[PDB]
S.K.: 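Take this structure, written in structure tokens, and hold onto it; I'll ask about it next.
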Amino acid sequence: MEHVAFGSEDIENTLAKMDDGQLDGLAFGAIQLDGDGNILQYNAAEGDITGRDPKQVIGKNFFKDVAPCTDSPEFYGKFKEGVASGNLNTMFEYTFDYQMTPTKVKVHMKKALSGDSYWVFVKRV
């Protein structure tokens with residue numbers, strides 16, 4: 001179990017050293033997206049929250065395929081502005097309700113250390 005706290009100010013540096021094996025040891029959900037919203041990494045904790053099987057969602061588009069409930073100005077809109085601008089760091093509450101029991105979460109989106117990749121961190125509230 002990797003000791004990293006949700007919302008840590010230097011979270012991008014710490015997660016840069018993790019492979020999709022060490023990501024599964026986080027206490028919160030973590031998804032890594034490319035600039036188009038395609039899923040590059042998806043950890044075990046996220047699968048526990050949402051029911052998705054990590055290996056099966058990698059490669060899919062988060063906003064178009066996996067999470068249509070996030071295709072809105074309040075989530076996808078913030079992501080798109082972040083990708084276009086070059087920086088992103090925002091935290092907000094949201095409800096995930098597609099093909100699942102509605103679940104309230106806290107989401108933290110932040111640009112990764114690498115060029116065109118972005119993190120989406122999730123925890124229950």
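Worth knowing before you read on, the calculation uses all heavy atoms, side chains too, and leaves out hydrogens, waters and symmetry mates. Start at 1 with the first residue, then count along the sequence.
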S.K.: Verify the cluster assignment for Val57 and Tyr76: are they in a single hydrophobic cluster under the rule of side-chain heavy atoms below 4.5 Å apart?
M.R.: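 In one cluster: yes.
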S.K.: Can you tell whether the side chains of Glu12 and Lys111 come within less than 4.0 Å, N to carboxylate O?
M.R.: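 Salt bridge: no.
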S.K.: How far does OG1 of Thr14 sit from CD of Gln22, to the nearest 0.5 angstrom?
M.R.: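 So the OG1 of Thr14 and the CD of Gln22 are separated by 11.5 Å.
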S.K.: Measure from the ring center of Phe79 to the ring center of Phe63 and say whether it is less than 6.0 Å.
M.R.: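 Ring centres of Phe63 and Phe79 closer than 6.0 Å.
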S.K.: What's the verdict on salt bridge (charged side-chain N to carboxylate O under 4.0 Å, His left out) for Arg52 and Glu46, showing C-alpha distance, side-chain angles and the deciding distance?
M.R.: CA-CA 8 Å; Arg52 276 65 180 189; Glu46 182 68 5; over 6 Å; no
S.K.: Are there more than 12 heavy atoms of other residues, nucleotides or ligands under 6.0 Å from atom CD of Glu9?
M.R.: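 Atom CD in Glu9 is not crowded, with 12 or fewer foreign heavy atoms closer than 6.0 Å.
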S.K.: Given the rule in the side-chain contact (heavy atoms from CB on, under 4.5 Å) test, do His108 and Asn89 qualify, once you have shown the distances and angles that lead to the verdict?
M.R.: CA-CA 7 Å; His108 178 204; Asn89 183 9; 2.8 Å; yes
S.K.: Between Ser72 and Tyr94, is any side-chain donor less than 3.5 angstrom from a side-chain acceptor?
M.R.: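 Short answer, yes.
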S.K.: If you count the non-hydrogen atoms of other residues, nucleotides and ligands that lie under 6.0 Å from NZ in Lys104, is the total more than 12?
M.R.: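 Yes.
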S.K.: Could you walk me through whether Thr50 and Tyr42 pass the side-chain contact (heavy atoms from CB on, under 4.5 Å) test, one step at a time?
M.R.: CA-CA 11 Å; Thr50 73; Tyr42 191 103; 2.9 Å; yes
S.K.: Report yes or no: do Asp34 and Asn38 form a side-chain donor-acceptor pair below 3.5 Å?
M.R.: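 Present: a donor and an acceptor within the cut-off.
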S.K.: For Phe92, does the six-membered ring have the charged nitrogen or CZ of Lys78 within the cation-pi criterion, i.e. under 6.0 angstrom from the centroid and within 45° of the normal?
M.R.: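 Satisfied, under 6.0 Å and within 45°.
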S.K.: To which residues is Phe6 joined in a hydrophobic cluster, defined by side-chain heavy-atom contacts under 4.5 Å among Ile, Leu, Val, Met, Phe, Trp and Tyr, whether direct or through other members?
M.R.: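 Once heavy-atom contacts under 4.5 Å are chained together, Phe6 belongs with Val4, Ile11, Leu15, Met18, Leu23, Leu26, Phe28, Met91, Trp119, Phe121.
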